[PDB]
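So this first bit is one chain, no partners, the form deposited in one PDB entry, shown in structure tokens.
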């Protein structure tokens, strides 16, 4: 049946080429021999066998077989290399996690300079992203690695969230010790720069607010190399962490350690004054310092900016593929 995963062979796919270096293996583009569908194959190498099957891949299998959403990447099956006949101990063959092939990733499109987003294009994008994040959050999962490179976009305007290799369940009743450094420095929230270790789903909201800002400038908002420099940049824009705006900042391991140059005032509305009012309000609420005052995913979907955006009118972003050859 369709549900008996791990047995079908990767022979069933014509490999088209390598599309990325992954975490637990290389990622390949391929075509299904039987249906003609294009897939993305994430290879799992257990040949190292330091700790066996990688937990990163286990997270993606465990979570993505539970999550069903139009904006969450879909795992279709798991297939294997030709297994050694009657010799399971020698068998070192790999497993491949089968995904739908998405035409692009947001970083590559932004890094190549080949995208332009109108306000209505940003509405269509963010409504999908937040709806997908809300689906995950209602199910009590944290993505913990929201960056532009983990948002896949195909040319119809459809957005899908992608790398769940750091996703873990969130319990509100039971506070759980989590890993301190989860999101890429550029999209990391201030609460984790101070080492929260018990963070809320609001970490993902911060990242998406950073993306929201980036889509209006085409340049990331907080670009730093070191955790202190990052806190400085966030502070120059959002204001310095202080009990006046984040009463519990004093409980954080590094609050006294990682002081910014000044106690800055918030200028987010000034430095982003070229943004539409409905959107600027969303950015200000998503880039709130105190995670308990930072809006939820749902609250973004019930905002003037995204509330009345209709998904039937997807407006695909302006990806030009002609006049690129000759300017």
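Positions refer to the first chain, counted from 1. For clarity, a rigid core is taken as the largest C-alpha set superposing within 1.5 Å between two forms.
The form deposited in another entry exists for this protein as well; it is not shown, and the discussion that follows is about that form.
Enquirer: Which residue in 48, 273, 66, 292 stands out, with a C-alpha shift of 2 Å or more between the shown form and the other one when both forms are set on the rigid core?
Expert: By this measure, the answer is 48.
Enquirer: For residue 84, state whether the C-alpha moves by 2 Å or more between the shown form and the other one after rigid core superposition.
Expert: Yes, the C-alpha moves 2 Å or more.
Enquirer: With a threshold of 2 Å on the C-alpha, tell me if residue 304 counts as moved between the shown form and the other one once the core is superposed.
Expert: No: residue 304 shifts by under 2 Å between the shown form and the other one.
Enquirer: Did residue 185 and residue 25 drift closer or farther in that other deposited form, going by a CA distance change of 3 angstroms or more?
Expert: Relative to this form, closer in that other deposited form.
Enquirer: Please check whether, in that other deposited form, the CA atoms of residue 101 and residue 321 lie closer or farther apart than here, given a change of 3 Å or more.
Expert: Residues separate in that other deposited form, at least 3 Å farther apart.
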